[PDB]
file input-v9.txt (compact mmCIF, C-alpha atoms and all ligand atoms)
# COMPACT_ATOMS: atom_id res chain seq x y z
CA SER Q 1 119.27 100.49 98.37
CA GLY Q 2 116.03 99.93 96.47
CA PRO Q 3 112.38 99.53 97.46
CA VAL Q 4 111.36 97.28 100.34
CA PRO Q 5 109.62 94.09 99.10
CA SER Q 6 105.95 93.42 99.79
CA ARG Q 7 103.67 90.38 99.92
CA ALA Q 8 99.89 90.12 99.76
CA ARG Q 9 98.30 89.84 103.23
CA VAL Q 10 95.93 87.11 102.00
CA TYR Q 11 95.86 84.51 99.24
CA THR Q 12 99.62 84.95 99.08
CA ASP Q 13 100.63 81.52 97.77
CA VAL Q 14 97.48 80.26 96.04
CA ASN Q 15 99.08 80.14 92.59
CA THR Q 16 102.20 78.41 93.97
CA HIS Q 17 99.98 75.52 95.11
CA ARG Q 18 98.37 75.20 91.65
CA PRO Q 19 99.74 73.24 88.69
CA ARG Q 20 101.67 75.71 86.57
CA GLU Q 21 99.14 75.35 83.73
CA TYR Q 22 96.66 77.28 85.90
CA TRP Q 23 98.69 80.50 85.74
CA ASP Q 24 101.27 79.94 82.94
CA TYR Q 25 99.02 81.51 80.34
CA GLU Q 26 101.79 81.89 77.73
CA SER Q 27 101.51 78.12 77.26
CA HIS Q 28 97.69 78.08 77.08
CA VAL Q 29 96.22 76.51 73.92
CA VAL Q 30 92.99 78.26 72.88
CA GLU Q 31 89.92 76.08 72.24
CA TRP Q 32 88.06 77.60 69.28
CA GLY Q 33 84.34 77.51 68.55
CA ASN Q 34 82.56 78.14 65.25
CA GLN Q 35 81.98 81.80 64.37
CA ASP Q 36 79.21 80.57 62.03
CA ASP Q 37 77.15 79.71 65.12
CA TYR Q 38 76.60 83.48 65.57
CA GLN Q 39 75.08 86.42 63.73
CA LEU Q 40 75.84 89.98 64.78
CA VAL Q 41 72.75 92.07 65.54
CA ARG Q 42 74.02 95.57 66.36
CA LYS Q 43 77.04 97.39 67.73
CA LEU Q 44 77.11 98.16 71.46
CA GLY Q 45 80.38 100.09 71.67
CA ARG Q 46 84.03 100.38 70.76
CA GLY Q 47 87.17 100.85 72.82
CA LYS Q 48 90.94 100.91 72.32
CA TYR Q 49 91.10 97.11 72.59
CA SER Q 50 87.83 95.83 71.11
CA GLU Q 51 84.52 96.42 69.40
CA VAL Q 52 81.47 95.02 71.17
CA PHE Q 53 78.33 93.66 69.51
CA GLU Q 54 75.04 92.16 70.46
CA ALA Q 55 74.69 88.83 68.69
CA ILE Q 56 72.49 85.77 68.41
CA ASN Q 57 73.61 82.16 68.65
CA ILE Q 58 71.58 80.74 65.74
CA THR Q 59 71.96 77.16 66.98
CA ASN Q 60 69.91 77.80 70.15
CA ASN Q 61 68.44 81.34 69.72
CA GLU Q 62 70.44 82.64 72.70
CA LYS Q 63 71.40 86.30 72.93
CA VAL Q 64 75.13 86.80 73.49
CA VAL Q 65 77.68 89.62 73.52
CA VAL Q 66 80.64 89.42 71.13
CA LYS Q 67 83.86 91.30 71.81
CA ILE Q 68 85.97 91.40 68.65
CA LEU Q 69 89.53 92.06 69.80
CA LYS Q 70 91.78 94.61 68.19
CA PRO Q 71 95.32 93.41 67.37
CA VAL Q 72 97.19 92.79 70.63
CA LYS Q 73 100.06 90.50 71.66
CA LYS Q 74 99.00 86.86 71.57
CA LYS Q 75 100.10 86.31 75.19
CA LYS Q 76 97.71 89.03 76.40
CA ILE Q 77 94.78 87.35 74.64
CA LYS Q 78 95.85 84.05 76.19
CA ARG Q 79 96.02 85.78 79.58
CA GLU Q 80 92.45 87.13 79.39
CA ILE Q 81 91.11 83.80 78.09
CA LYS Q 82 92.89 81.78 80.78
CA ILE Q 83 91.65 84.09 83.54
CA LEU Q 84 88.08 84.03 82.20
CA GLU Q 85 88.17 80.23 82.04
CA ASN Q 86 89.69 79.97 85.53
CA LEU Q 87 87.02 82.24 87.04
CA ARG Q 88 84.05 80.90 85.07
CA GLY Q 89 81.08 80.08 87.28
CA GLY Q 90 82.33 82.28 90.13
CA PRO Q 91 79.91 84.71 91.80
CA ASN Q 92 79.12 87.74 89.64
CA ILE Q 93 81.95 86.98 87.17
CA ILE Q 94 80.99 87.43 83.52
CA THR Q 95 80.67 84.03 81.83
CA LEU Q 96 82.83 83.43 78.74
CA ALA Q 97 80.63 81.27 76.50
CA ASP Q 98 82.78 80.78 73.39
CA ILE Q 99 85.93 81.88 71.56
CA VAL Q 100 85.84 82.28 67.77
CA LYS Q 101 87.92 83.82 64.99
CA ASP Q 102 86.43 86.80 63.17
CA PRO Q 103 86.41 85.99 59.42
CA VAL Q 104 86.87 89.66 58.47
CA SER Q 105 89.85 90.75 60.57
CA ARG Q 106 91.06 87.18 61.36
CA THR Q 107 91.27 88.35 64.98
CA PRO Q 108 89.90 86.46 68.01
CA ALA Q 109 86.43 87.25 69.34
CA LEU Q 110 85.23 86.45 72.85
CA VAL Q 111 81.58 85.44 73.25
CA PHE Q 112 79.99 86.31 76.61
CA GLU Q 113 76.69 85.69 78.34
CA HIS Q 114 74.27 88.54 77.70
CA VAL Q 115 73.35 90.89 80.56
CA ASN Q 116 70.31 93.11 80.06
CA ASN Q 117 72.10 96.26 81.14
CA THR Q 118 70.12 98.90 83.03
CA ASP Q 119 69.98 102.46 81.75
CA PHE Q 120 72.32 104.06 84.25
CA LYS Q 121 71.17 107.62 83.59
CA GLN Q 122 67.94 106.63 85.35
CA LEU Q 123 69.70 104.36 87.86
CA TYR Q 124 71.84 107.18 89.27
CA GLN Q 125 68.87 109.57 89.43
CA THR Q 126 66.88 107.24 91.71
CA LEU Q 127 69.82 105.45 93.36
CA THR Q 128 69.17 104.67 97.02
CA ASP Q 129 71.45 104.10 99.98
CA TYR Q 130 70.41 100.43 100.00
CA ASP Q 131 71.11 100.04 96.26
CA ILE Q 132 74.71 101.16 96.73
CA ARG Q 133 75.27 98.84 99.70
CA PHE Q 134 73.69 95.93 97.82
CA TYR Q 135 75.69 96.31 94.62
CA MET Q 136 78.96 97.07 96.42
CA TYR Q 137 78.47 93.78 98.27
CA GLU Q 138 77.88 91.99 94.96
CA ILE Q 139 81.13 93.46 93.58
CA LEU Q 140 82.97 92.35 96.72
CA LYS Q 141 81.78 88.78 96.10
CA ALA Q 142 83.44 88.86 92.67
CA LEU Q 143 86.64 90.41 94.02
CA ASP Q 144 86.97 88.04 96.97
CA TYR Q 145 86.45 85.15 94.55
CA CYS Q 146 89.00 86.25 91.96
CA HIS Q 147 91.57 87.17 94.63
CA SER Q 148 91.02 83.79 96.30
CA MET Q 149 91.66 82.33 92.83
CA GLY Q 150 95.00 84.17 92.62
CA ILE Q 151 93.88 86.92 90.21
CA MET Q 152 93.96 90.73 90.41
CA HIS Q 153 91.40 92.49 88.19
CA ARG Q 154 93.42 95.77 88.03
CA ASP Q 155 90.68 97.74 86.19
CA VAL Q 156 87.83 98.06 88.69
CA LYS Q 157 85.66 101.05 87.71
CA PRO Q 158 81.96 101.72 87.02
CA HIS Q 159 82.32 101.08 83.27
CA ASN Q 160 83.32 97.47 84.02
CA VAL Q 161 80.31 96.72 86.25
CA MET Q 162 77.20 95.51 84.42
CA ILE Q 163 73.93 95.78 86.34
CA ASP Q 164 70.58 94.29 85.32
CA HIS Q 165 68.69 96.26 87.96
CA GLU Q 166 65.32 94.59 87.31
CA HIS Q 167 66.80 91.24 88.42
CA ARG Q 168 69.32 92.70 90.91
CA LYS Q 169 71.96 91.00 88.77
CA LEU Q 170 75.55 92.28 88.60
CA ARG Q 171 78.56 91.11 86.56
CA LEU Q 172 82.19 92.23 86.67
CA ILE Q 173 83.52 92.44 83.11
CA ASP Q 174 86.63 93.30 81.06
CA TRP Q 175 89.35 91.04 82.42
CA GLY Q 176 91.85 92.11 79.74
CA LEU Q 177 94.05 93.89 82.30
CA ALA Q 178 93.81 91.19 84.97
CA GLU Q 179 96.92 89.29 86.07
CA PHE Q 180 97.93 86.40 88.30
CA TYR Q 181 99.45 87.30 91.67
CA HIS Q 182 102.82 85.70 92.43
CA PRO Q 183 104.75 86.69 95.58
CA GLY Q 184 107.76 88.81 94.67
CA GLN Q 185 106.65 89.56 91.11
CA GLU Q 186 106.97 93.15 89.92
CA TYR Q 187 104.02 94.28 87.81
CA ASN Q 188 103.43 96.95 85.19
CA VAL Q 189 102.17 100.11 86.90
CA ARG Q 190 100.56 101.46 83.70
CA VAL Q 191 97.23 99.77 84.40
CA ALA Q 192 93.71 100.98 85.25
CA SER Q 193 92.00 104.26 84.37
CA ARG Q 194 93.66 107.40 85.75
CA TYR Q 195 90.94 108.23 88.28
CA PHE Q 196 91.07 104.75 89.85
CA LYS Q 197 94.85 104.24 89.96
CA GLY Q 198 96.11 103.35 93.42
CA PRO Q 199 98.97 105.31 94.97
CA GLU Q 200 101.30 102.34 94.42
CA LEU Q 201 100.80 102.82 90.67
CA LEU Q 202 101.32 106.57 90.86
CA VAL Q 203 104.64 106.35 92.77
CA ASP Q 204 105.83 103.41 90.60
CA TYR Q 205 105.87 100.71 93.28
CA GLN Q 206 105.74 97.54 91.23
CA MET Q 207 105.44 94.78 93.86
CA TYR Q 208 101.70 95.30 94.39
CA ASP Q 209 98.86 92.81 94.89
CA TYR Q 210 95.08 92.27 95.20
CA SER Q 211 94.79 95.34 97.44
CA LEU Q 212 95.10 97.47 94.29
CA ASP Q 213 91.50 96.48 93.45
CA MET Q 214 90.40 97.67 96.89
CA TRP Q 215 91.70 101.19 96.26
CA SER Q 216 89.76 101.33 92.98
CA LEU Q 217 86.66 100.06 94.78
CA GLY Q 218 87.04 102.86 97.33
CA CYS Q 219 87.23 105.41 94.51
CA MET Q 220 84.01 104.00 93.06
CA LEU Q 221 82.29 104.06 96.45
CA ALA Q 222 83.28 107.68 97.07
CA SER Q 223 81.87 108.73 93.69
CA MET Q 224 78.60 106.92 94.44
CA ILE Q 225 77.86 108.18 97.94
CA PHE Q 226 79.08 111.73 97.28
CA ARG Q 227 77.64 111.90 93.72
CA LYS Q 228 81.00 113.22 92.48
CA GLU Q 229 82.38 111.45 89.39
CA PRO Q 230 85.28 111.16 89.31
CA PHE Q 231 86.13 111.59 92.99
CA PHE Q 232 89.89 112.12 92.48
CA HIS Q 233 89.92 114.14 89.24
CA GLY Q 234 93.57 114.42 88.21
CA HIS Q 235 94.76 116.10 85.01
CA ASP Q 236 97.50 113.49 84.51
CA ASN Q 237 99.16 110.70 86.45
CA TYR Q 238 101.25 113.18 88.45
CA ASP Q 239 98.33 115.46 89.28
CA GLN Q 240 96.28 112.39 90.17
CA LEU Q 241 98.51 111.81 93.21
CA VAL Q 242 98.23 115.49 94.14
CA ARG Q 243 94.44 115.20 94.10
CA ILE Q 244 94.65 112.21 96.45
CA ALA Q 245 97.11 114.02 98.72
CA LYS Q 246 94.80 117.02 99.03
CA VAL Q 247 92.26 114.63 100.59
CA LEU Q 248 94.33 111.98 102.39
CA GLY Q 249 97.08 114.42 103.41
CA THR Q 250 100.79 114.41 102.66
CA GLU Q 251 101.97 113.06 106.03
CA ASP Q 252 100.65 109.55 105.47
CA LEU Q 253 101.97 109.71 101.90
CA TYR Q 254 105.53 110.44 103.01
CA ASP Q 255 105.18 107.83 105.76
CA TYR Q 256 104.21 105.35 103.03
CA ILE Q 257 107.11 106.44 100.79
CA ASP Q 258 109.55 106.07 103.68
CA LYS Q 259 108.16 102.69 104.78
CA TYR Q 260 108.77 101.12 101.36
CA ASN Q 261 111.89 103.20 100.58
CA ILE Q 262 110.22 104.37 97.38
CA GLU Q 263 112.30 106.68 95.21
CA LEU Q 264 109.82 109.40 94.33
CA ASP Q 265 109.94 110.89 90.83
CA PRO Q 266 111.49 114.38 91.27
CA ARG Q 267 108.54 115.94 89.41
CA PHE Q 268 106.44 115.38 92.55
CA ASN Q 269 108.71 117.59 94.69
CA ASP Q 270 107.32 120.95 93.53
CA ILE Q 271 103.68 119.86 93.13
CA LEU Q 272 102.75 117.66 96.13
CA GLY Q 273 103.21 120.45 98.66
CA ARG Q 274 101.89 120.07 102.21
CA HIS Q 275 98.28 119.11 102.88
CA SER Q 276 96.33 118.07 105.94
CA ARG Q 277 94.13 114.99 105.95
CA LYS Q 278 90.58 116.21 105.32
CA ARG Q 279 87.42 115.03 107.03
CA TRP Q 280 84.91 113.32 104.75
CA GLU Q 281 82.19 115.74 105.91
CA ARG Q 282 83.51 118.37 103.48
CA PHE Q 283 82.08 116.33 100.58
CA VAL Q 284 78.61 115.98 102.17
CA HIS Q 285 75.84 118.35 101.09
CA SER Q 286 72.06 118.45 100.72
CA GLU Q 287 72.08 116.53 97.41
CA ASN Q 288 74.04 113.47 98.62
CA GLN Q 289 73.35 113.28 102.38
CA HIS Q 290 70.79 110.49 101.89
CA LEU Q 291 73.65 108.25 100.64
CA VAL Q 292 76.18 109.14 103.37
CA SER Q 293 76.20 107.55 106.81
CA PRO Q 294 78.77 107.05 109.59
CA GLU Q 295 79.00 103.42 108.44
CA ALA Q 296 79.66 104.42 104.83
CA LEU Q 297 82.38 106.87 105.88
CA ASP Q 298 84.06 104.37 108.21
CA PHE Q 299 84.10 101.77 105.43
CA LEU Q 300 85.34 104.27 102.83
CA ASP Q 301 88.18 105.42 105.11
CA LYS Q 302 89.40 101.83 105.54
CA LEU Q 303 89.59 101.31 101.76
CA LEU Q 304 91.38 104.55 100.80
CA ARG Q 305 94.76 104.11 102.51
CA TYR Q 306 98.10 104.91 100.87
CA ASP Q 307 99.63 101.75 102.39
CA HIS Q 308 98.18 98.92 100.32
CA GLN Q 309 98.92 96.52 103.19
CA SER Q 310 96.56 98.42 105.52
CA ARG Q 311 93.49 98.43 103.23
CA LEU Q 312 90.61 96.09 103.95
CA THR Q 313 90.66 92.80 102.12
CA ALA Q 314 87.56 91.95 100.12
CA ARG Q 315 86.46 89.48 102.79
CA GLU Q 316 87.09 91.99 105.62
CA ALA Q 317 85.11 94.57 103.64
CA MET Q 318 82.14 92.19 103.42
CA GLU Q 319 82.09 91.92 107.24
CA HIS Q 320 81.89 95.71 107.75
CA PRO Q 321 78.76 97.13 109.47
CA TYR Q 322 77.89 99.05 106.28
CA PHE Q 323 76.65 95.70 104.90
CA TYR Q 324 74.79 94.35 107.97
CA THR Q 325 71.30 94.82 106.54
CA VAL Q 326 72.35 93.50 103.12
CA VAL Q 327 73.85 90.39 104.73
CA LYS Q 328 70.78 89.56 106.81
CA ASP Q 329 68.48 90.20 103.83
CA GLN Q 330 70.45 87.72 101.72
CA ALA Q 331 70.05 85.11 104.47
CA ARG Q 332 66.27 85.38 103.90
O1 LIG Q 401 77.59 101.02 80.77
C1 LIG Q 401 78.45 100.54 81.43
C2 LIG Q 401 78.30 100.48 82.94
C3 LIG Q 401 78.24 101.85 83.61
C4 LIG Q 401 77.76 101.81 85.05
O2 LIG Q 401 77.50 102.81 85.62
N1 LIG Q 401 77.62 100.52 85.71
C5 LIG Q 401 77.17 100.42 87.09
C6 LIG Q 401 78.28 100.95 87.99
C7 LIG Q 401 77.99 100.77 89.48
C8 LIG Q 401 78.95 100.17 90.28
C9 LIG Q 401 78.72 99.99 91.64
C10 LIG Q 401 77.53 100.42 92.19
CL1 LIG Q 401 77.21 100.21 93.93
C11 LIG Q 401 76.57 101.03 91.39
CL2 LIG Q 401 75.05 101.57 92.15
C12 LIG Q 401 76.79 101.21 90.03
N2 LIG Q 401 79.65 100.05 80.77
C13 LIG Q 401 79.73 100.17 79.33
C14 LIG Q 401 80.05 98.82 78.68
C15 LIG Q 401 80.27 99.00 77.18
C16 LIG Q 401 79.52 97.91 76.41
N3 LIG Q 401 80.08 96.61 76.77
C17 LIG Q 401 81.37 96.31 76.74
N4 LIG Q 401 81.55 95.05 77.12
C18 LIG Q 401 80.32 94.54 77.41
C19 LIG Q 401 79.93 93.26 77.85
BR1 LIG Q 401 81.28 91.89 78.14
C20 LIG Q 401 78.59 92.98 78.08
BR2 LIG Q 401 78.11 91.19 78.69
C21 LIG Q 401 77.61 93.96 77.87
BR3 LIG Q 401 75.74 93.49 78.22
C22 LIG Q 401 77.99 95.23 77.43
BR4 LIG Q 401 76.62 96.60 77.14
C23 LIG Q 401 79.38 95.51 77.20
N1 LIG Q 402 79.48 84.21 61.16
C1 LIG Q 402 79.25 85.52 60.57
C2 LIG Q 402 78.87 86.56 61.62
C3 LIG Q 402 79.97 86.79 62.63
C4 LIG Q 402 81.07 87.58 62.31
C5 LIG Q 402 82.08 87.81 63.21
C6 LIG Q 402 82.00 87.24 64.47
CL1 LIG Q 402 83.28 87.53 65.60
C7 LIG Q 402 80.92 86.46 64.81
CL2 LIG Q 402 80.80 85.75 66.39
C8 LIG Q 402 79.90 86.24 63.90
call {"tool": "encode", "arguments": {"input": "input-v9.txt", "output": "structure tokens"}}
result
Amino acid sequence: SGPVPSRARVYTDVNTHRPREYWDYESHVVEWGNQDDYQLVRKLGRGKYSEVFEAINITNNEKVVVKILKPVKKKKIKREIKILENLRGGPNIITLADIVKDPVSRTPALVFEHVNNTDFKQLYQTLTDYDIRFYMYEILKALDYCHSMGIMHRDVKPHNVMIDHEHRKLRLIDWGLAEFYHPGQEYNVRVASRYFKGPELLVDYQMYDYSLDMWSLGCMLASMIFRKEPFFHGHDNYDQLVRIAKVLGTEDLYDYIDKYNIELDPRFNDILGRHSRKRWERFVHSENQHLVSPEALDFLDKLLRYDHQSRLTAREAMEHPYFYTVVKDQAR
């Protein structure tokens, strides 16, 4: 007997009710702009999948960001484009402005709205309790939206959160790993950065859903309030689950494994050991106590659960007491 199937608790059938063109990205036809509308100004960074530039649209003098893609399978470019187009205009989702073909490498380039990013070295030095609650709530808006639109981001981490702090403006970026959720579909578990991988990825449980993003969000929250980056600091994918188990305990892990009849890689036998579930107080000290509260710890505990089905949804997270003062402030 194999693993027990699983279904998302919410937004389970949203893609089923769509025309197939919404989610059948392999059949998407790309609408191309004119690369001659743009001039590159300077390089902002480079990754395994792209090089990123600041640019100017010389037809309207607008600043934009240009992501020149490295060679990748055409269906993965179509996937990112289709998801960006489907989510465009949603709260705190980066806006795809144009798609052009780089004359040099003949590769596609995505053109995004510019965000005046805040120097985060200063941001983290003066970060307040209220700042963290406010921006977490802004991220939850983007996640509830994309989940409600049938999409898992699958790469939630601080690097993919742009913040213009002067204007309290936040954007969730890099949708190149995002996928459409379909009930019963088995997904690739080699997604997300190591430190933010959910337990379902680490034990190779492929029938996962939106709740994967909620684990990653809990990892980000823990690093913020405890000022410990990364929070779960594994040496490799195997050790990453050991680091989680030393905090969440091994009992709930084996309860999770048994519930879904997951066949655990035999490497884990001699490294997981036996660990109690720790109390969050052991990460609190004089340098982070101003960011930690009973509300923050209650919220954090309800995100970081082995069982993906028992994690808060994005909308449930937004209703947590941790956000009460943010919610009433936004009512104005
Ligand atoms: O520096 C970062 C962000 C690092 C960071 O700590 N965040 C804030 C994290 C955070 C999250 C939650 C909370 Cl609660 C709080 Cl408090 C803080 N990531 C590098 C991006 C590399 C350059 N890069 C790539 N793609 C880009 C796009 Br697309 C645009 Br548009 C723009 Br602009 C740029 Br620059 C782009
Ligand atoms: N049109 C020449 C400048 C240029 C080169 C490459 C790209 Cl991808 C862009 Cl948008 C603009």
call {"tool": "closest_residue", "arguments": {"input": "input-v9.txt", "among": "Q:171, Q:105, Q:157, Q:178", "to": "residue 77 (chain Q)", "atoms": "only C-alpha atoms"}}
result
Q:178
call {"tool": "residues_near_ligand", "arguments": {"input": "input-v9.txt", "ligand": "ligand LIG 401 (chain Q)", "cutoff": "7 Å", "atoms": "all atoms listed in the file", "output": "ChimeraX atom specification"}}
result
/Q:44-45,52,65,67,94,112-117,120,127,131-136,158-163,173-174,220-221,224
call {"tool": "residues_around", "arguments": {"input": "input-v9.txt", "residues": "region 25-41 of chain Q", "least_positions_apart": "2", "cutoff": "12 Å", "atoms": "only C-alpha atoms", "output": "PDB file with C-alpha atoms, keeping the file's coordinate frame"}}
result
ATOM      1  CA  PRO Q  19      99.740  73.240  88.690  1.00  0.00           C
ATOM      2  CA  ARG Q  20     101.670  75.710  86.570  1.00  0.00           C
ATOM      3  CA  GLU Q  21      99.140  75.350  83.730  1.00  0.00           C
ATOM      4  CA  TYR Q  22      96.660  77.280  85.900  1.00  0.00           C
ATOM      5  CA  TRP Q  23      98.690  80.500  85.740  1.00  0.00           C
ATOM      6  CA  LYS Q  43      77.040  97.390  67.730  1.00  0.00           C
ATOM      7  CA  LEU Q  44      77.110  98.160  71.460  1.00  0.00           C
ATOM      8  CA  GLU Q  51      84.520  96.420  69.400  1.00  0.00           C
ATOM      9  CA  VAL Q  52      81.470  95.020  71.170  1.00  0.00           C
ATOM     10  CA  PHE Q  53      78.330  93.660  69.510  1.00  0.00           C
ATOM     11  CA  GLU Q  54      75.040  92.160  70.460  1.00  0.00           C
ATOM     12  CA  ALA Q  55      74.690  88.830  68.690  1.00  0.00           C
ATOM     13  CA  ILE Q  56      72.490  85.770  68.410  1.00  0.00           C
ATOM     14  CA  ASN Q  57      73.610  82.160  68.650  1.00  0.00           C
ATOM     15  CA  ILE Q  58      71.580  80.740  65.740  1.00  0.00           C
ATOM     16  CA  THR Q  59      71.960  77.160  66.980  1.00  0.00           C
ATOM     17  CA  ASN Q  60      69.910  77.800  70.150  1.00  0.00           C
ATOM     18  CA  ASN Q  61      68.440  81.340  69.720  1.00  0.00           C
ATOM     19  CA  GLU Q  62      70.440  82.640  72.700  1.00  0.00           C
ATOM     20  CA  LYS Q  63      71.400  86.300  72.930  1.00  0.00           C
ATOM     21  CA  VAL Q  64      75.130  86.800  73.490  1.00  0.00           C
ATOM     22  CA  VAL Q  65      77.680  89.620  73.520  1.00  0.00           C
ATOM     23  CA  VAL Q  66      80.640  89.420  71.130  1.00  0.00           C
ATOM     24  CA  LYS Q  67      83.860  91.300  71.810  1.00  0.00           C
ATOM     25  CA  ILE Q  68      85.970  91.400  68.650  1.00  0.00           C
ATOM     26  CA  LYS Q  73     100.060  90.500  71.660  1.00  0.00           C
ATOM     27  CA  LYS Q  74      99.000  86.860  71.570  1.00  0.00           C
ATOM     28  CA  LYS Q  75     100.100  86.310  75.190  1.00  0.00           C
ATOM     29  CA  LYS Q  76      97.710  89.030  76.400  1.00  0.00           C
ATOM     30  CA  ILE Q  77      94.780  87.350  74.640  1.00  0.00           C
ATOM     31  CA  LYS Q  78      95.850  84.050  76.190  1.00  0.00           C
ATOM     32  CA  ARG Q  79      96.020  85.780  79.580  1.00  0.00           C
ATOM     33  CA  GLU Q  80      92.450  87.130  79.390  1.00  0.00           C
ATOM     34  CA  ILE Q  81      91.110  83.800  78.090  1.00  0.00           C
ATOM     35  CA  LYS Q  82      92.890  81.780  80.780  1.00  0.00           C
ATOM     36  CA  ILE Q  83      91.650  84.090  83.540  1.00  0.00           C
ATOM     37  CA  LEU Q  84      88.080  84.030  82.200  1.00  0.00           C
ATOM     38  CA  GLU Q  85      88.170  80.230  82.040  1.00  0.00           C
ATOM     39  CA  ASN Q  86      89.690  79.970  85.530  1.00  0.00           C
ATOM     40  CA  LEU Q  96      82.830  83.430  78.740  1.00  0.00           C
ATOM     41  CA  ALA Q  97      80.630  81.270  76.500  1.00  0.00           C
ATOM     42  CA  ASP Q  98      82.780  80.780  73.390  1.00  0.00           C
ATOM     43  CA  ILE Q  99      85.930  81.880  71.560  1.00  0.00           C
ATOM     44  CA  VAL Q 100      85.840  82.280  67.770  1.00  0.00           C
ATOM     45  CA  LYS Q 101      87.920  83.820  64.990  1.00  0.00           C
ATOM     46  CA  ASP Q 102      86.430  86.800  63.170  1.00  0.00           C
ATOM     47  CA  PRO Q 103      86.410  85.990  59.420  1.00  0.00           C
ATOM     48  CA  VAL Q 104      86.870  89.660  58.470  1.00  0.00           C
ATOM     49  CA  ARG Q 106      91.060  87.180  61.360  1.00  0.00           C
ATOM     50  CA  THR Q 107      91.270  88.350  64.980  1.00  0.00           C
ATOM     51  CA  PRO Q 108      89.900  86.460  68.010  1.00  0.00           C
ATOM     52  CA  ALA Q 109      86.430  87.250  69.340  1.00  0.00           C
ATOM     53  CA  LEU Q 110      85.230  86.450  72.850  1.00  0.00           C
ATOM     54  CA  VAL Q 111      81.580  85.440  73.250  1.00  0.00           C
ATOM     55  CA  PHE Q 112      79.990  86.310  76.610  1.00  0.00           C
ATOM     56  CA  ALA Q 178      93.810  91.190  84.970  1.00  0.00           C
ATOM     57  CA  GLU Q 179      96.920  89.290  86.070  1.00  0.00           C
ATOM     58  CA  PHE Q 180      97.930  86.400  88.300  1.00  0.00           C
TER      59      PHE Q 180
END
call {"tool": "atom_distance", "arguments": {"input": "input-v9.txt", "atom1": "CA of residue 219 (chain Q)", "atom2": "CA of residue 284 (chain Q)"}}
result
15.6 Å
call {"tool": "closest_atom_pairs", "arguments": {"input": "input-v9.txt", "of": "region 191-266 of chain Q", "to": "region 4-8 of chain Q", "cutoff": "6 Å", "atoms": "all atoms listed in the file", "output": "JSON lines"}}
result
{"residue": "Q:209", "atom": "CA", "partner": "Q:8", "partner_atom": "CA", "distance": 5.7}
{"residue": "Q:260", "atom": "CA", "partner": "Q:4", "partner_atom": "CA", "distance": 4.7}
{"residue": "Q:261", "atom": "CA", "partner": "Q:4", "partner_atom": "CA", "distance": 5.9}
call {"tool": "write_last_selection", "arguments": {"input": "input-v9.txt", "atoms": "C-alpha atoms", "output": "mmCIF file, keeping the file's coordinate frame"}}
result
data_model
loop_
_atom_site.group_PDB
_atom_site.id
_atom_site.type_symbol
_atom_site.label_atom_id
_atom_site.label_comp_id
_atom_site.auth_asym_id
_atom_site.auth_seq_id
_atom_site.Cartn_x
_atom_site.Cartn_y
_atom_site.Cartn_z
ATOM 1 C CA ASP Q 209 98.860 92.810 94.890
ATOM 2 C CA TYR Q 260 108.770 101.120 101.360
ATOM 3 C CA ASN Q 261 111.890 103.200 100.580
#
call {"tool": "atom_distance", "arguments": {"input": "input-v9.txt", "atom1": "CA of residue 286 (chain Q)", "atom2": "CA of residue 246 (chain Q)"}}
result
22.8 Å
call {"tool": "atom_distance", "arguments": {"input": "input-v9.txt", "atom1": "CA of residue 269 (chain Q)", "atom2": "CA of residue 1 (chain Q)"}}
result
20.4 Å
call {"tool": "closest_residue", "arguments": {"input": "input-v9.txt", "among": "Q:146, Q:244, Q:191, Q:317", "to": "residue 206 (chain Q)", "atoms": "all atoms listed in the file"}}
result
Q:191
call {"tool": "residues_around", "arguments": {"input": "input-v9.txt", "residues": "residue 2 (chain Q)", "least_positions_apart": "5", "cutoff": "12 Å", "atoms": "all atoms listed in the file", "output": "JSON, numbers by chain"}}
result
{"Q": [205, 206, 257, 258, 259, 260, 261, 262, 263, 264]}
call {"tool": "closest_residue", "arguments": {"input": "input-v9.txt", "among": "Q:15, Q:50, Q:126, Q:193", "to": "ligand LIG 402 (chain Q)", "atoms": "all atoms listed in the file"}}
result
Q:50
call {"tool": "closest_residue", "arguments": {"input": "input-v9.txt", "among": "Q:69, Q:10, Q:247, Q:312", "to": "ligand LIG 402 (chain Q)", "atoms": "all atoms listed in the file"}}
result
Q:69
call {"tool": "closest_residue", "arguments": {"input": "input-v9.txt", "among": "Q:222, Q:201, Q:72, Q:207", "to": "residue 176 (chain Q)", "atoms": "only C-alpha atoms"}}
result
Q:72
call {"tool": "axis_aligned_box", "arguments": {"input": "input-v9.txt", "around": "ligand LIG 402 (chain Q)", "padding_each_side": "5 Å", "output": "AutoDock Vina command-line options"}}
result
--center_x 81.1 --center_y 86.0 --center_z 63.5 --size_x 14.4 --size_y 13.6 --size_z 15.8
call {"tool": "closest_residue", "arguments": {"input": "input-v9.txt", "among": "Q:329, Q:215, Q:265, Q:70", "to": "ligand LIG 402 (chain Q)", "atoms": "all atoms listed in the file"}}
result
Q:70
call {"tool": "residues_near_point", "arguments": {"input": "input-v9.txt", "point": "(104.8, 85.6, 96.8)", "cutoff": "8 Å", "atoms": "only C-alpha atoms", "output": "ChimeraX atom specification"}}
result
/Q:7-8,12-13,181-185
call {"tool": "residues_around", "arguments": {"input": "input-v9.txt", "residues": "residue 274 (chain Q)", "least_positions_apart": "5", "cutoff": "9 Å", "atoms": "all atoms listed in the file", "output": "list in words"}}
result
residues 245, 246, 249, 250 and 251 of chain Q
